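Here the structure is laid out as structure tokens; the discussion comes afterwards.
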Amino acid sequence: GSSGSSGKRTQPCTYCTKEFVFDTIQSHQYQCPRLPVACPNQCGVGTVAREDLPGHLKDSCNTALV
Ligand SMILES: [Zn+2]
Ligand SMILES: [Zn+2]
């Protein structure tokens with residue numbers, strides 16, 4: 001940057017299997033949906049993709065929700 005050629009390497013996320021900037025990947029890792037996340041209800045499933053928690057919390061999870 002700043003009218004210069006530094007070179008920002010990219011790190012292939014193992015979750016979204018996509019290519020990102022090593023500078024972003026650091027933070028993205030959090031945004032990445034695929035990334036597994038522990039259930040807040042500690043039902044048992046253990047870990048489940050961030051984009052999988054929503055549906056799971058629907059019925060999958062032990063708790064009840066309508
Ligand atoms: Zn990712
Ligand atoms: Zn659960």
May I ask you to list the residues in the range 1-26 that are among the aromatic types (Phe, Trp, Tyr) and more than 19 Å from residue 51 (Cβ to Cβ)?
-> 22
Single residue of the range 18-46 satisfying the filter (near ligand 1 (Cβ under 8 Å from one of its atoms) and of a type in the set (S, T, N, Q)) that is surrounded by the most Cβ atoms within 10 Å (Cβ to Cβ) = 29
Matching residues, the range 2-17, being within 9 Å of ligand 1 (Cβ to nearest atom) and surrounded by fewer than 10 Cβ atoms within 10 Å (Cβ to Cβ) | 17
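Bear in mind that the values in this text are calculations on the coordinates, not laboratory data. Ideal geometry is used to build each Cβ from the backbone, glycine not excepted, and the neighbour counts take in all protein chains shown.
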